[PDB]
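Given next, in structure tokens, is a single chain: the form deposited in one PDB entry.
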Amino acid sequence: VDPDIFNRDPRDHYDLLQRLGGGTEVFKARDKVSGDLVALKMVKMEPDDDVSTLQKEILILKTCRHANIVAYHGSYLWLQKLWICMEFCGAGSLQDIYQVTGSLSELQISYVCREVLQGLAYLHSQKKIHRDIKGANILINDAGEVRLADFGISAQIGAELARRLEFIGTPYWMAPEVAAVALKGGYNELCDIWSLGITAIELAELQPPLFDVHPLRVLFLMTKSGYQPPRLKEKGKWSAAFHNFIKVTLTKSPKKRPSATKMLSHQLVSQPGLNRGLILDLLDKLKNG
């Protein structure tokens, strides 16, 4: 439910095309009037299904108006099926791409991080947290431009918090550090910086560190006292400025991890020559490789 939801059938305005992506129901679609391409995320919805999560997710997306975040074109409601209409990105995600091209070049990774940091600075300026930064959620269009997508996990966290906030009851025995986690969450937007650092390793190595480890064992490894941030594996392949970018983004203490704005001044993402031309090259490798 949304206060600007179009109360009509999206198929009156769009021609459905193929289904997109694992980890979605997302469809490529074409505006019947304009022939423009879009992406339509359909989710069937009984009237008894709780709307809280879908309500927050639409809200999070409509109040975004930034180039590095997939544009929003309204939502629909018809026939017990909700639809979210957003910008379409012809090349899909960076994960879809590197599974074909192999590891990106350092300059390509540098451009991608700058564009992601720009989007994160905008999200964090709205006090939004993405919380699922990864190769699979960084979309690339035919022009080689970078857009951030998939606010599902961000919506889930916000939905449950507001619910845990009004199902609070008697917190009069609650310690101060617990109440801070109750109201604010236990972590802040700097988690997106860490995730970006992991994504940089992912685009260099085709998987995040510890990808071959059982996920539960990973949660325990990262919570141990002596846990050390991960590092690039093939050190000789990369410059010191890239290593430092990983080191600083992967600062273990969130009280010392630089913000998105600060990172956008780092040497790796402030060097000259970073433009979508680097990704047009990557996309040509994808086509002609």
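We call the rigid core the largest set of C-alpha positions that still match within 1.5 Å between the two forms. Residues carry their position along the shown sequence, with the first being 1.
The form deposited in another entry is left out here; the points below concern that form.
- Following superposition on the rigid core between the shown form and the other one, the residue from 38, 248, 232, 54 with a C-alpha displacement of 2 angstroms or more is 54, and no other.
- A displacement of 2 angstroms or greater separates the C-alpha positions of residue 175 between the shown form and the other one, with the rigid core held in common.
- Superposition on the rigid core between the shown form and the other one places the CA atom of residue 143 less than 2 Å from its counterpart.
- The Cα position of residue 212 differs by less than 2 Å between the shown form and the other one after fitting on the rigid core.
- The gap between the Cα atoms of residue 252 and residue 176 is smaller in the other entry, by no less than 3 Å, than in this form.
- Cα-Cα spacing of residue 225 to residue 177 is reduced in the other entry versus the present form (difference of at least 3 Å).
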